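Trainee: The structure follows.
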Amino acid sequence: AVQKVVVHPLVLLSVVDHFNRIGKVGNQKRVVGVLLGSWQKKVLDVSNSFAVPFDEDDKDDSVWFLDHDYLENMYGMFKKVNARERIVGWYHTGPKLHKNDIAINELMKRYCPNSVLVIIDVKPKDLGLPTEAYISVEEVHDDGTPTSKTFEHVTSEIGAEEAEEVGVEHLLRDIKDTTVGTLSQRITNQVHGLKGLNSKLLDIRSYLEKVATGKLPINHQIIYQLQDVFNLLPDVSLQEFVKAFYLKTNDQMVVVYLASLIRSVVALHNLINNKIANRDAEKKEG
Amino acid sequence: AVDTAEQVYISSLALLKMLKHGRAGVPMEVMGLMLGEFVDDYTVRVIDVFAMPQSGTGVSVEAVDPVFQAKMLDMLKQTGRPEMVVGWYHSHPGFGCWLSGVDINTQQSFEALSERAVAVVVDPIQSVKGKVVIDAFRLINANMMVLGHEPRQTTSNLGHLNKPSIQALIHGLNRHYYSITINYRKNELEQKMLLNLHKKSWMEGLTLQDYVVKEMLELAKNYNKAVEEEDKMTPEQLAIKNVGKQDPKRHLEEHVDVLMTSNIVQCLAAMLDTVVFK
Amino acid sequence: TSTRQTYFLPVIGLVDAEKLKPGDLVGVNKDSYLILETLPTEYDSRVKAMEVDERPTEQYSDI
Ligand SMILES: [Zn+2]
């Protein structure tokens with residue numbers, strides 16, 4: 005079915021520009037619309053969409069309505085201009101999901117066998133690659149609950165297209181690209197420890213909270229399982245590198261050797277040729 | 024009577040369907056419609072752009088369905104903003120995006136409907152990322168040849184847009200037409216996330232993910257050694273000697289600075305041992 | 126295509142493969158390259174019909 009989704013900045017903006025539409029008139033809830041997907045393969049892609057007036061009451065927390073006269077005839081519009089573009093699901097800006105979201109997908113399953121919902125974010129904050137994606141399946145449960153319909157997270161990734169980077173990538177103009185090979189990889193390293201070890205502390209504090217409160221989630225078992233896959237090397241005191249010690253510097257063996265060999269001859273190219281051309285102009289002029 | 028140079032405020036949402044709907048018609052030319060509000064004579068804004076059915080038999084003035092707009096405006100009422108129509112646009116991917124013979128026939132028809140009806144063209148081909156490309160024009164009336172034929176006041180917004188002058192046939196259409204200025208009213212809220220969504224997705228996906245060892249340096253040493261002798265024969269070729277050969281010639285680049293950065297790639301990637309671990 | 130170019134398109138769409146063995150003369154629209162109907166008959170100009178003769182003014186009794 006649906007494994008991963010591809011969200012373009014163009015269709016994501018179609019949720020963002022509608023945040024100006026109903027944001028000025030208010031009032032409650034969020035921006036919600038129906039998603040037009042482009043499915044060429046198991047990997048899902050999204051090009052365009054259409055935003056529909058939508059509201060969700062608080063009291064009355066289970067009340068939701070799409071406008072389906074907007075959904076029907078406007079489909080024949082986008083279908084007439086683009087035959088490949090069709091509705092794969094819906095979307096909204098979240099930020100989180102209330103329990104009522106179970107009924108939005110099951111209603112529109114007449115349009116698509118499986119409707120994928122995309123939670124987006126109009127204001128970028130944290131922690132990383134934004135928005136979100138969910139898929140609607142039924143896993144029931146191990147405890148014996150009646151059949152449980154819970155949306156499972158779908159990994160979301162941004163993607164590009166020809167001719168769409170004209171105006172999009174133009175307006176920024178302030179970015180330095182990249183530079184690959186010097187700063188590009190090292191800034192990630194400073195962040196790879198930051199973003200790597202912050203979720204380490206956020207989860208290890210919530211995993212300690214388990215014993216305290218919030219149990220379940222037990223989880224189970226996914227938590228410790230892949231944590232023990234992380235445990236191929238801990239790495240703890242001290243590094244257990246006795247076999248990887250001589251191999252540590254042995255990987256730095258040729259990297260330092262070439263860096264010593266290149267800088268020697270690069271100098272011979274830089275130093276000699278500079279002295280030659282310099283004294284040819286300098287002393288022959290005066 | 025009084026005519027002042029117009030300034031076009033385009034929304035980042037209206038910029039989407041210009042290139043996107045134009046990409047769907049590639050290679051063939053499409054016909055769209057511009058949506059916006061007329062503030063005054065010297066400024067104009069396009070707040071929305073929508074897609075219209077592409078013509079596989081060629082663009083015509085009847086390609087725009089009036090019941091398509093009448094059903095669209097009604098759907099814009101239940102949508103947040105029901106703004107009145109303004110003008111039209113069309114893609115021209117196959118060439119340098121100039122107004123064709125059909126574009127002038129649909130001018131007097133659209134300029135009768137709406138006052139301005141700015142003619143807007145767009146092309147995918149001229150660039151990819153860092154150029155505005157697109158196009159825009161506005162019909163100056165040929166009946167005005169009796170009157171003064173050189174609008175507009177506040178000139179160089181035209182005059183500067185009259186640069187580069189874009190070859191000949193394009194500005195050959197400057198007879199009976201005059202282009203219009205396109206500036207971006209700030210969407211920067213969306214434009215700030217446009218940079219954040221683009222670069223974060225391009226930074227190692229987590230920034231973590233991405234962060244032929246000696247052999248890649250054995251393949252590099254062929255570029256770091258076997259390339260040296262073909263590079264270091266040139267200073268012996270600079271020795272004539274002396275001097276019958278035409279000079280100067282500079283062979284210093286680009287291999288020297290490439291092997292420099294080649295070590296910059298290999299040194300900081302080897303620092304991943306010291307960086308990631310401890 | 127008789128222009129000396131050769132193209133690649135899915136099976137028509139409309140008239141199916143029931144007719145016929147590989148032909149010519151069929152109509153197709155501009156660069157869209159879709160064939161609506163398989164059109165007869167053969168070719169060309171005076172090669173198809175050399176001369177059109179109704180009947181002579183004389184009969185076999187004239188000898
Ligand atoms: Zn045209």
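Chains as they are written, first to last, in full-length UniProt numbering: chain A, 5 to 290; chain B, 24 to 234, 244 to 310; chain C, 126 to 188.
Yeah, the Cβ is synthetic: ideal placement off N, Cα and C, and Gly gets one too.
Please classify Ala271 of chain B as buried or exposed, where buried requires at least 16 neighbouring CB atoms within 10 angstroms.
Mentor: Locating residue 271 of chain B in the second sequence gives position 239, where the first residue counts as 1. It counts as exposed.
Trainee: Counting only Cβ-Cβ distances shorter than 8 Å, please list the residues of the stretch 146 to 166 of chain C near chain B, keeping chain order.
Mentor: Listed by position, the residues of the stretch 146 to 166 of chain C near chain B (Cβ gap below 8 Å) are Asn154, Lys155, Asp156 and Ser157.
Trainee: List, from N- to C-terminal side, the alpha helix (DSSP H) runs of 4 residues or more that fit wholly inside the UniProt domain "MPN" (31 to 166) of chain B.
Mentor: 35 to 48, 89 to 101, 124 to 128 and 130 to 136, all fully within the UniProt domain "MPN" (31 to 166) of chain B.
Trainee: Can you list, in chain order, the stretches of the beta strand (DSSP E) that have 3 or more residues and sit fully within the stretch 107 to 190 of chain A?
Mentor: If we require 3 residues or more, the beta strand (DSSP E) runs fully inside the stretch 107 to 190 of chain A come out as 120 to 123, 138 to 142, 153 to 157 and 159 to 162.
Trainee: Taking only heavy atoms of ligand 1 into account, decide whether any of them is closer than 7 Å to the Cβ of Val82 of chain B.
Mentor: Position 59 of the second sequence holds residue 82 of chain B. Under cutoff, so the answer is yes.
Trainee: Rounded to whole angstroms, what's the CA-CA distance from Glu285 of chain B to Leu192 of chain B? Just pull it up for me.
Mentor: Looking up residue 285 of chain B in the second sequence gives position 253. Looking up residue 192 of chain B in the second sequence gives position 169. Cα-Cα distance, rounded: 41 Å.
Trainee: Per DSSP, which one or two residues make a beta bridge with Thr27 of chain B?
Mentor: As a position in the second sequence, residue 27 of chain B is number 4, starting the count at 1. DSSP, once it has assigned bridges, lists B:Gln176 as partnering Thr27 of chain B.
Trainee: Taking 8 Å as the CB-CB limit, is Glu244 of chain A close to chain B?
Mentor: Counting from 1 along the first sequence, the entry for residue 244 of chain A is found at position 240. No, its Cβ sits nowhere closer than 8 Å to a Cβ of chain B.
Trainee: Count the other C-beta atoms from every protein chain shown that fall within 10 angstroms of the C-beta of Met216 of chain B, then say buried if there are 16 or more, exposed otherwise.
Mentor: Numbered from its first residue, the second sequence carries residue 216 of chain B at position 193. Buried, because 16 or more other Cβ atoms sit within 10 Å of the Cβ of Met216 of chain B.
Trainee: What separation, rounded to the nearest whole angstrom, lies between the Cα atoms of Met257 of chain A and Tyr211 of chain A?
Mentor: The residue labelled residue 257 of chain A in the question sits at position 253 within the first sequence. The residue labelled residue 211 of chain A in the question sits at position 207 within the first sequence. Rounded to whole angstroms, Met257 of chain A to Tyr211 of chain A spans 41 Å at the Cα level.
Trainee: For the alpha helix (DSSP H) containing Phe23 of chain A, list its first residue and its last residue.
Mentor: One-based indexing of the first sequence puts residue 23 of chain A at position 19. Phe23 of chain A -> alpha helix (DSSP H) spans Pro13 to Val29.
Trainee: Using a Cβ-based criterion (distance less than 7 Å to any ligand heavy atom), does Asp146 of chain B qualify as near ligand 3?
Mentor: By its list of ligands, the structure shown excludes ligand 3, since it contains just ligand 1.
Trainee: For a test of the three-state rule: what should DSSP assign to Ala55 of chain A, helix, strand or coil?
Mentor: Indexing the first sequence from 1 puts residue 55 of chain A at position 51. Three-state DSSP puts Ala55 of chain A in a strand.
Trainee: According to the neighbour-count rule (16 or more other Cβ atoms, all chains shown, within 10 Å of its Cβ), is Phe234 of chain A buried or exposed?
Mentor: Along the first sequence, one-based indexing puts residue 234 of chain A at 230. The residue is exposed, with fewer than 16 neighbouring Cβ atoms inside 10 Å.
Trainee: According to DSSP, simplified to helix, strand and coil, what is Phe245 of chain A?
Mentor: Taking the first sequence and counting its residues from 1, one reaches residue 245 of chain A at position 241. Coil.
Trainee: Straight-line CA distance for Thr293 of chain B to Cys299 of chain B?
Mentor: Numbered from 1 along the second sequence, position 261 holds the residue referred to as residue 293 of chain B. Numbered from 1 along the second sequence, position 267 holds the residue referred to as residue 299 of chain B. About 10 Å.
Trainee: What three-state label does DSSP hand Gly98 of chain A in the structure shown?
Mentor: Residue numbering aside, residue 98 of chain A sits at position 94 when the first sequence is read from its first letter. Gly98 of chain A: coil per DSSP, three-state reduction.
Trainee: Kindly indicate which three-state DSSP category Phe133 of chain C falls into: helix, strand or coil?
Mentor: Numbered from 1 along the third sequence, position 8 holds the residue referred to as residue 133 of chain C. Three-state DSSP puts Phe133 of chain C in coil, outside helix and strand.
Trainee: Taking a cut of 7 Å between CB atoms, which residues from the UniProt domain "MPN" (31 to 166) of chain B lie near chain C?
Mentor: Listed by position along the chain: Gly79 and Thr80.
Trainee: Compute the beta-carbon to beta-carbon distance between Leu40 of chain A and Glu168 of chain A, rounded to the nearest angstrom, for a pair I have assumed lies under 8 Å.
Mentor: Looking up residue 40 of chain A in the first sequence gives position 36. Looking up residue 168 of chain A in the first sequence gives position 164. That belief does not hold up - the Cβ atoms of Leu40 of chain A and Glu168 of chain A are roughly 15 Å apart, past 8 Å.
Trainee: Run the proximity test for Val109 of chain B: is its beta-carbon closer than 7 Å to any non-hydrogen atom belonging to ligand 1?
Mentor: Along the second sequence, one-based indexing puts residue 109 of chain B at 86. Checking the Cβ of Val109 of chain B against ligand 1 gives no.
Trainee: Nearer than 7 Å: is that true of the beta carbon of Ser132 of chain B relative to any heavy atom of ligand 1?
Mentor: Taking the first residue of the second sequence as position 1, residue 132 of chain B is located at position 109. Outside the cutoff, so no.
Trainee: Is the Cβ of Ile91 of chain A closer than 8 Å to any Cβ of chain B?
Mentor: Along the first sequence, one-based indexing puts residue 91 of chain A at 87. With 8 Å as the cut-off, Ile91 of chain A does not count as an interface residue toward chain B.
Trainee: Nearest chain B C-beta to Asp59 of chain A closer than 8 Å, yes or no?
Mentor: On the first sequence, position 55 is the one that residue 59 of chain A refers to. Judged by the 8 Å Cβ criterion, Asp59 of chain A is not in contact with chain B.
Trainee: Taking just the CA atoms, how far does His96 of chain A sit from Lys310 of chain B?
Mentor: As a first step, residue 310 of chain B is located in the second sequence; it is residue number 278 there, counting from the start. As a first step, residue 96 of chain A is located in the first sequence; it is residue number 92 there, counting from the start. Distance between the alpha carbons of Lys310 of chain B and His96 of chain A: 42 Å.
Trainee: Give me whichever residues DSSP pairs with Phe69 of chain A in a beta bridge.
Mentor: Within the first sequence, numbered from 1, the residue matching residue 69 of chain A stands at position 65. According to DSSP, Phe69 of chain A bridges with A:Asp59.
Trainee: Using C-beta distances below 8 Å, list every residue in its chain close to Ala165 of chain B, excluding the 5 sequence neighbours before and after it, in chain order.
Mentor: The sequence position of residue 165 of chain B within the second sequence is 142, counting from 1. For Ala165 of chain B, where only same-chain residues beyond five positions count, the Cβ hits under 8 Å are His199.
Trainee: So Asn210 of chain B and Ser35 of chain B are supposed to be a Cβ contact under 8 Å. How far apart are they, rounded?
Mentor: Here residue 210 of chain B refers to the residue found at position 187 of the second sequence. Here residue 35 of chain B refers to the residue found at position 12 of the second sequence. Rounded, the Cβ-Cβ distance is 4 Å, consistent with contact.
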